[PDB]
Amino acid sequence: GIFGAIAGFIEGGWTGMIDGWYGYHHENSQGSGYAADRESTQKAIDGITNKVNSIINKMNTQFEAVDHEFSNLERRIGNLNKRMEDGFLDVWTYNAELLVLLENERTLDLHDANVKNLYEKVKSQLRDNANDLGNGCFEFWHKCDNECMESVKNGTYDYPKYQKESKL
């Protein structure tokens, strides 16, 4: 995937994570589990929904073909009618089939992008206070309880308060 995150320097996803599209796995002395990031998830949901509804809305006209018959002395307009109706059919078929192909490519990119930005959000806080492991994970060089786990998720960590222990 174009941003590199999904399938991936972060190979594979989490069936365990049910409450969102993007988020966290934590593990500490107190336990472990999975927790979505709803802010990044929700604004993604709003995005994709708006995309789908836009496409639907913009595609919400119909070309209308017609009953009408043509005599054996009307081969020309008859065939003209046929060529016109097939003409718009082939056009709209193209517009729809290609739009799907394009937007699907770009939809995946967006998800890929949102994951990457989460990865770098966390990496931006921890720094020295963590070992990367280069696969989405972060080993703390210090002791991170649950209030510390939320610290990281709400984007208010405090590198100062665990610099002490990380060197060691």
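Note that residue numbering follows the sequence shown and begins at 1.
Comparing 30-38 with 47-55, the stretch with the higher mean C-alpha B-factor in the PDB entry is 30-38. The mean Cα B-factor in the deposited entry runs higher for 67-75 than for the other of 90-98 and 67-75. The deposited CA B-factor of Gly23 belongs to the middle third of values across its chain. Ranked by C-alpha B-factor against the other modelled residues of its chain, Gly13 falls in the lowest third. Annotation for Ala130: CA B-factor lies in the highest third of the chain's modelled residues. In this PDB entry, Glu120 carries a Cα temperature factor that places it within the highest third of its chain's modelled residues. In the deposited entry, the Cα temperature factor of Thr107 places it in the lowest third of its chain's modelled residues.
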